[PDB]
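What's in start_24.csv: CSV, C-alpha atoms
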```csv
chain,number,residue,atom,x,y,z
X,1,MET,CA,0.7,8.6,-2.1
X,2,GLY,CA,1.8,11.7,-4.0
X,3,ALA,CA,0.6,11.3,-7.6
X,4,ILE,CA,-2.0,8.6,-7.1
X,5,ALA,CA,-4.2,11.0,-5.1
X,6,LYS,CA,-4.2,13.4,-8.0
X,7,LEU,CA,-5.8,10.7,-10.1
X,8,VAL,CA,-7.9,9.1,-7.4
X,9,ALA,CA,-9.5,12.5,-6.7
X,10,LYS,CA,-11.4,12.0,-9.9
X,11,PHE,CA,-11.4,8.2,-10.3
X,12,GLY,CA,-11.7,6.9,-6.7
X,13,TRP,CA,-10.9,3.7,-4.8
X,14,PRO,CA,-13.5,1.6,-6.5
X,15,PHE,CA,-12.4,3.1,-9.8
X,16,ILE,CA,-8.6,3.0,-9.4
X,17,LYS,CA,-8.8,-0.6,-8.1
X,18,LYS,CA,-10.3,-1.6,-11.4
X,19,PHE,CA,-7.0,-1.0,-13.1
X,20,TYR,CA,-4.5,-0.3,-10.3
X,21,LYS,CA,-2.0,-2.5,-12.2
X,22,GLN,CA,-2.1,0.0,-15.1
X,23,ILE,CA,-2.7,3.2,-13.3
X,24,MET,CA,-0.1,2.7,-10.6
X,25,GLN,CA,2.2,1.6,-13.4
X,26,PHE,CA,2.0,5.0,-15.2
X,27,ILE,CA,3.1,6.9,-12.1
X,28,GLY,CA,6.1,4.6,-11.7
X,29,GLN,CA,6.9,5.2,-15.4
X,30,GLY,CA,6.9,9.0,-15.1
X,31,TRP,CA,3.6,9.8,-16.7
X,32,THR,CA,2.2,13.3,-15.9
X,33,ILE,CA,-0.9,13.7,-13.8
X,34,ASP,CA,-2.8,14.6,-17.0
X,35,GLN,CA,-1.4,11.6,-18.9
X,36,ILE,CA,-3.5,9.2,-16.7
X,37,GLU,CA,-6.5,11.5,-16.1
X,38,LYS,CA,-6.7,11.8,-19.9
X,39,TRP,CA,-5.7,8.2,-20.8
X,40,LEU,CA,-8.6,7.0,-18.7
X,41,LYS,CA,-11.0,9.9,-18.5
X,42,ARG,CA,-13.5,7.7,-16.6
X,43,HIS,CA,-13.5,5.0,-19.4
```

Translate the structure described by the file into structure tokens.
Amino acid sequence: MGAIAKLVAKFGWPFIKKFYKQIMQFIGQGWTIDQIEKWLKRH
């Protein structure tokens, strides 16, 4: 719970759970907070 929040703050629980397998993966890969926020951008 360090980088996930930075993304959830905009996405949310019901939004992050939709692709938690991909989102949570980015963090573990070393993707910046903007990488995900931009990669998804509320798709």

Check your understanding: In terms of the shortest atom-to-atom distance over all atoms listed in the file, which of X:11, X:17, X:22, X:31 is closest to residue X:43?
Key -> X:11

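From atom CA of residue X:23 back to atom CA of residue X:5, the distance works out to 11.4 Å.
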
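Atom CA of residue X:4 is found 7.1 Å from atom CA of residue X:24.
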
Exercise for review: Tell me, as a PyMOL selection string, which residues lie within 10 Å of residue X:10, counting all atoms listed in the file; anything in the same chain fewer than 6 positions away does not count.
Suggested key: chain X and resi 16+37+41-42

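For the atom pair formed by atom CA of residue X:6 and atom CA of residue X:29, the distance is 15.7 Å, given to one decimal.
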
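Closest to residue X:1 among X:14, X:21, X:28, X:34 is X:28, based on only C-alpha atoms.
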
Could you rebuild stretch 6-23 of chain X with N, CA, C and O atoms and give it back as a PDB file, in the frame of the given file?
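Dumped to out38.pdb:
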```pdb
ATOM      1  N   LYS X   6      -3.794  12.508  -6.961  1.00  0.00           N
ATOM      2  CA  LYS X   6      -4.200  13.400  -8.000  1.00  0.00           C
ATOM      3  C   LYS X   6      -5.073  12.776  -9.042  1.00  0.00           C
ATOM      4  O   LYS X   6      -5.864  13.446  -9.708  1.00  0.00           O
ATOM      5  N   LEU X   7      -4.968  11.456  -9.158  1.00  0.00           N
ATOM      6  CA  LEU X   7      -5.800  10.700 -10.100  1.00  0.00           C
ATOM      7  C   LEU X   7      -7.025  10.132  -9.396  1.00  0.00           C
ATOM      8  O   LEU X   7      -8.114  10.093  -9.968  1.00  0.00           O
ATOM      9  N   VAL X   8      -6.845   9.692  -8.154  1.00  0.00           N
ATOM     10  CA  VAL X   8      -7.900   9.100  -7.400  1.00  0.00           C
ATOM     11  C   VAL X   8      -9.001  10.182  -7.075  1.00  0.00           C
ATOM     12  O   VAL X   8     -10.185   9.868  -6.952  1.00  0.00           O
ATOM     13  N   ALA X   9      -8.567  11.432  -6.959  1.00  0.00           N
ATOM     14  CA  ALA X   9      -9.500  12.500  -6.700  1.00  0.00           C
ATOM     15  C   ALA X   9     -10.637  12.557  -7.667  1.00  0.00           C
ATOM     16  O   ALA X   9     -11.734  13.016  -7.346  1.00  0.00           O
ATOM     17  N   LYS X  10     -10.387  12.060  -8.873  1.00  0.00           N
ATOM     18  CA  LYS X  10     -11.400  12.000  -9.900  1.00  0.00           C
ATOM     19  C   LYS X  10     -11.931  10.605 -10.113  1.00  0.00           C
ATOM     20  O   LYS X  10     -13.131  10.394 -10.293  1.00  0.00           O
ATOM     21  N   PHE X  11     -11.023   9.635 -10.080  1.00  0.00           N
ATOM     22  CA  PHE X  11     -11.400   8.200 -10.300  1.00  0.00           C
ATOM     23  C   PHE X  11     -12.028   7.676  -8.986  1.00  0.00           C
ATOM     24  O   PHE X  11     -13.236   7.454  -8.929  1.00  0.00           O
ATOM     25  N   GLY X  12     -11.202   7.449  -7.969  1.00  0.00           N
ATOM     26  CA  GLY X  12     -11.700   6.900  -6.700  1.00  0.00           C
ATOM     27  C   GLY X  12     -11.105   5.562  -6.383  1.00  0.00           C
ATOM     28  O   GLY X  12     -10.347   4.999  -7.173  1.00  0.00           O
ATOM     29  N   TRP X  13     -11.449   5.038  -5.211  1.00  0.00           N
ATOM     30  CA  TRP X  13     -10.900   3.700  -4.800  1.00  0.00           C
ATOM     31  C   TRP X  13     -11.514   2.618  -5.634  1.00  0.00           C
ATOM     32  O   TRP X  13     -10.786   1.789  -6.181  1.00  0.00           O
ATOM     33  N   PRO X  14     -12.849   2.587  -5.758  1.00  0.00           N
ATOM     34  CA  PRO X  14     -13.500   1.600  -6.500  1.00  0.00           C
ATOM     35  C   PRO X  14     -13.317   1.740  -8.047  1.00  0.00           C
ATOM     36  O   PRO X  14     -13.696   0.883  -8.845  1.00  0.00           O
ATOM     37  N   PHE X  15     -12.689   2.850  -8.421  1.00  0.00           N
ATOM     38  CA  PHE X  15     -12.400   3.100  -9.800  1.00  0.00           C
ATOM     39  C   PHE X  15     -10.941   2.859 -10.149  1.00  0.00           C
ATOM     40  O   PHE X  15     -10.614   2.374 -11.233  1.00  0.00           O
ATOM     41  N   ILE X  16     -10.063   3.174  -9.203  1.00  0.00           N
ATOM     42  CA  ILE X  16      -8.600   3.000  -9.400  1.00  0.00           C
ATOM     43  C   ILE X  16      -8.265   1.494  -9.199  1.00  0.00           C
ATOM     44  O   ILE X  16      -7.314   0.998  -9.804  1.00  0.00           O
ATOM     45  N   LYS X  17      -9.027   0.803  -8.359  1.00  0.00           N
ATOM     46  CA  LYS X  17      -8.800  -0.600  -8.100  1.00  0.00           C
ATOM     47  C   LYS X  17      -9.108  -1.458  -9.318  1.00  0.00           C
ATOM     48  O   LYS X  17      -8.632  -2.586  -9.449  1.00  0.00           O
ATOM     49  N   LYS X  18      -9.919  -0.908 -10.216  1.00  0.00           N
ATOM     50  CA  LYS X  18     -10.300  -1.600 -11.400  1.00  0.00           C
ATOM     51  C   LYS X  18      -9.100  -1.818 -12.345  1.00  0.00           C
ATOM     52  O   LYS X  18      -9.016  -2.816 -13.063  1.00  0.00           O
ATOM     53  N   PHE X  19      -8.168  -0.872 -12.312  1.00  0.00           N
ATOM     54  CA  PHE X  19      -7.000  -1.000 -13.100  1.00  0.00           C
ATOM     55  C   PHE X  19      -5.757  -0.398 -12.389  1.00  0.00           C
ATOM     56  O   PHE X  19      -4.945   0.332 -12.956  1.00  0.00           O
ATOM     57  N   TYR X  20      -5.645  -0.752 -11.114  1.00  0.00           N
ATOM     58  CA  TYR X  20      -4.500  -0.300 -10.300  1.00  0.00           C
ATOM     59  C   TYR X  20      -3.202  -0.772 -10.846  1.00  0.00           C
ATOM     60  O   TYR X  20      -2.164  -0.146 -10.634  1.00  0.00           O
ATOM     61  N   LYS X  21      -3.238  -1.890 -11.563  1.00  0.00           N
ATOM     62  CA  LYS X  21      -2.000  -2.500 -12.200  1.00  0.00           C
ATOM     63  C   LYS X  21      -1.524  -1.585 -13.299  1.00  0.00           C
ATOM     64  O   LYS X  21      -0.323  -1.521 -13.555  1.00  0.00           O
ATOM     65  N   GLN X  22      -2.448  -0.913 -13.979  1.00  0.00           N
ATOM     66  CA  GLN X  22      -2.100   0.000 -15.100  1.00  0.00           C
ATOM     67  C   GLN X  22      -1.874   1.390 -14.617  1.00  0.00           C
ATOM     68  O   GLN X  22      -0.900   2.040 -14.999  1.00  0.00           O
ATOM     69  N   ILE X  23      -2.786   1.876 -13.782  1.00  0.00           N
ATOM     70  CA  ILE X  23      -2.700   3.200 -13.300  1.00  0.00           C
ATOM     71  C   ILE X  23      -1.415   3.419 -12.442  1.00  0.00           C
ATOM     72  O   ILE X  23      -0.602   4.294 -12.739  1.00  0.00           O
TER      73      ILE X  23
END
```
